[PDB]
Amino acid sequence: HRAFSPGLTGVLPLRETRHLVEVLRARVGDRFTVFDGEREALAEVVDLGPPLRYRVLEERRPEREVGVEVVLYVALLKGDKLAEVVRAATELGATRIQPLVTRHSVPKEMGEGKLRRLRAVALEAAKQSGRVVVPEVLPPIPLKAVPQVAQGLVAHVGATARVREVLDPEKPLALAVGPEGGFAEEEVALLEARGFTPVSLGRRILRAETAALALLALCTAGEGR
Amino acid sequence: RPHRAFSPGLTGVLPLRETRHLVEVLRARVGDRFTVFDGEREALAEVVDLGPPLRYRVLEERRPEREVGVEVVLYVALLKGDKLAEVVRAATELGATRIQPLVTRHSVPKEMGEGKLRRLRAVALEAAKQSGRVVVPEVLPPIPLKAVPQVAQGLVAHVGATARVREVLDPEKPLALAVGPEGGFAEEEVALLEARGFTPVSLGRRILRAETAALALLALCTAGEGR
């Protein structure tokens, strides 16, 4: 259990106390995690209060990973937009980025130099986002080469389901995003066959980069992970 | 018995999936009226043949709904360079109706010239067109953080927060979102925002650039909610 405690003073705020002593039931001696954004640490229940008291046993570095694999299958884009996507996707917790060649993608391949550069962007973004895990960026693959997945999401204009209504937070995650031209219906068809669930991204037309980041943000940062 | 079916290009013929759903599930019949759409256009249609695939004729063209449906105001700290242009563009495609730059304790720039304001307005205009919107987000000159008004509903990303946007959002009320600079909102600035009516929400375990936090916070409230 992670309980918010301003400054890790040893005493837990009123709300926090009720939340774990009544709703989660917490006895004395039980160990739990304390945090206030600035810090995090293991602590022990000393007094059940209220307000509940505790003692700091050990400070520790906050975990930064989402918790499950988050693979982003994203089509090759125009300009240097793929570099920005890789940077934000890394901040958003992706663990793997798989560029794709698709019917409407303009580029149909990617040199070694470009790939190396994208890997440098990921390395840098990982550091700045506090991650120790650097997302893997791979050589492009054709769309029909995308694998069968346990859980996948693809934004589609016809979809009505929201990401929060289909997402299983303990299952690995695969997200598919098409190029500026979008995925062709036959492609969306193959994606669904592969296990990708179509979801809604709203009423407006989004740039491919934005759709990619919004889908990701809905699954990671938005879920508080 | 209204229903809207996805029909790429509004060509008069529905995809097999939509056909089966209308015919098999909704019990559609020749003469019935329904809505067809494809992200670009929309229209009232009338069933001409169940096929399959189902064929229909367009009765009248209609404008796709593009707005979130309530006011969406982004209160964002001044950022260096073209960062704000990027924020404005993404905010526009994400449904913002108003963008209010803020001078904050840690915001690098403390003012904005007419040239930047005009540029931001040009970006809003353009982005509105590219996202299919008729409405163009208003972009205001900067104001001190203290000038932020009391809000009916507000959310601010905060490291120590635990509530997720989806656990707090009220789709029926106008929405205010606050995003600090790279240096982030100071302790007393977050307190001030809560005083104004902003609820702290969590954006996860990783450090995010101001631009990305803004995109994420908006996406969780509009696009992500199917709005």
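## Let's talk about helix α3 (residues 114-130) of chain B
Residue and element names in this part refer to chain B.
1) Next: For α3, with 17 residues, the first-to-last C-alpha span of 24 Å sits near the 24 Å given by 1.5 Å per residue.
2) Next: Buried residues along α3 sit against α2 (83-93) and β7 (138-139).
3) Next: Within two residues after α3, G132 carries a phi angle of roughly 85°, on the positive side.

## Brief notes about the sheet that holds strand β3 (residues 40-47) of chain A
All names here are of chain A.
1) Next: Reading across from one edge, β1-β2-β3-β4 is the order of the 4 strands in this open sheet, with mixed pairing throughout. With partners counted over all chains shown, the strands left at the sheet margins are β1 (2-4) and β4 (53-59), one partner each. Neighbour to neighbour, the strand axes of the sheet diverge by 40° on average, direction disregarded.
2) Next: Note that strand β2 (residues 31-35) and β3 share 5 bridges and pair antiparallel. Counterpart to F32 in the pairing with β3 is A43.

## Examining the interface of chain A and chain B
1) Next: Listed as interface residues are 45 residues of chain A and, on the opposing side, 45 residues of chain B.
2) Next: Summed over both sides, the interface between chain A and chain B buries roughly 3700 Å², with carbon and sulfur atoms accounting for 54% of that surface.
3) Next: The largest contributions to the chain A side of the interface with chain B come from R203, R204 and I205 of chain A, which together make up 22% of the buried area.
4) Next: At the junction of chain A and chain B, the tally comes to 7 salt bridges.

## Examining the packing of helix α6 (residues 208-219) of chain A against helix α6 (residues 210-221) of chain B
1) Next: Here α6 of chain A crosses α6 of chain B at 75°, and the two axes come no closer than 9 Å. The pairing of α6 of chain A with α6 of chain B is recorded here as roughly perpendicular in orientation. Mapping the contact onto sequence places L213, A214, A217 and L218 of chain A in α6 of chain A and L215, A216, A219 and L220 of chain B in α6 of chain B.

## Observations regarding helix α1 (residues 16-25) of chain B
Residues and elements named next belong to chain B.
1) Next: Listed as buried for α1 are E18, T19 and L22. End-on, the buried residues of α1 take up no more than an arc of 105°, which puts them together on one face. The outward face of α1, more than 90 degrees from its buried face, is lined by the exposed residues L16, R17, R20, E24 and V25.
2) Next: Close packing links the buried residues of α1 with β1 (4-6) and β2 (33-37).
3) Next: Residue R27 follows α1 closely and has a positive phi angle near 60°.

Criteria and thresholds
- For every chain, the first residue of the written sequence is numbered 1, i.e. counting runs from 1 onward, and this need not coincide with the entry's numbering; residues without coordinates are not included.
- Chain labels run from A onward and ligand labels from 1 onward, assigned in the order the entries are written.
- With hydrogens and water excluded, all non-hydrogen atoms of the structure serve as input to the side-chain values.
- Numbering of helices and strands starts at the N terminus; helices are DSSP runs of H or I of at least 4 residues and strands are runs of E of at least 2.
- Take the residue count of a helix, subtract one, and multiply by 1.5 Å to get its expected span.
- Contacts between residues were defined by any pair of non-hydrogen atoms, one from each residue, lying within 4.5 Å.
- Here a strand pair is declared whenever DSSP counts at least two bridges between the two strands.
- In this description, a line fitted to the C-alpha atoms serves as the axis of each element, helices being fitted only across the stretch in contact, and the angle between N-to-C directions of two axes falls anywhere from 0 to 180 degrees.
- In short, buried area is how much 1.4 Å probe accessible area vanishes from two parts on joining, totalled over both.
- Whenever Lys or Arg places a side-chain nitrogen within 4 Å of a carboxyl oxygen from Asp or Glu, that contact is recorded as a salt bridge.
- Any angle that is under 35 degrees is reported as roughly parallel, and any over 145 degrees as roughly antiparallel; angles of 65 to 115 degrees are reported as roughly perpendicular and all others as oblique.
- Burial status follows relative accessibility: with a 1.4 Å probe on protein chains alone, a residue under 20% of its type maximum counts as buried, one over 50% as exposed, and anything between as partly exposed.
- This arc is taken over the directions from the axis of the helix to the C-beta atoms.

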